[PDB]
């Protein structure tokens, strides 16, 4: 199965292995037992080059796993500013919602990725988006006493 070898190649960051596998008909949109595509693992582990190669070979930029996580959710969570812009460049939903009600804006605010919060707002991030507990991005800044994040959300 070349799909399972493509999952680990995107996770480990083997650029040469990703090219050879896709040349032999590997399923770029394959998923693991949790629904993670090669684009999910590539955006999680900060492999920017593999992210751009997959997006040029029919990768679904808005694919979700069993928990509703898009590649933009994981990239904003881990804090990969370069990958977030590439995902947003290829039509990623900036206001996608996972099973916990979180958006990419929520995860970047919680983890303190202030640069990513600034990029998401410029791309149409809904500041009124609530999670399953009713908290928005600005609610996280007030409840955590993060005045630096609060100033970003008050542009």
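Numbering follows the first chain given and starts at 1.
S.K.: 56-64 versus 114-122: which one carries the higher mean Cα B factor per the record?
M.R.: Mean C-alpha B-factor is greater for 114-122.
S.K.: By the entry's C-alpha temperature factors, tell me which of 99, 95, 34, 70 sits highest.
M.R.: Going by the entry's C-alpha B-factors, 34 comes out highest.
S.K.: Which third of the chain does residue 106 land in by C-alpha B-factor: lowest, middle or highest?
M.R.: Middle third, going by the recorded CA B-factors of the chain.
S.K.: Pull the Cα B-factor of residue 146 out of the PDB entry and bin it into the chain's lowest, middle or highest third.
M.R.: As the PDB entry reports it, the C-alpha B-factor of residue 146 lands in the middle third of its chain.
S.K.: Check where residue 86 lands among this chain's C-alpha B-factors and tell me if it's the lowest, middle or highest third.
M.R.: Highest third, going by the recorded CA B-factors of the chain.
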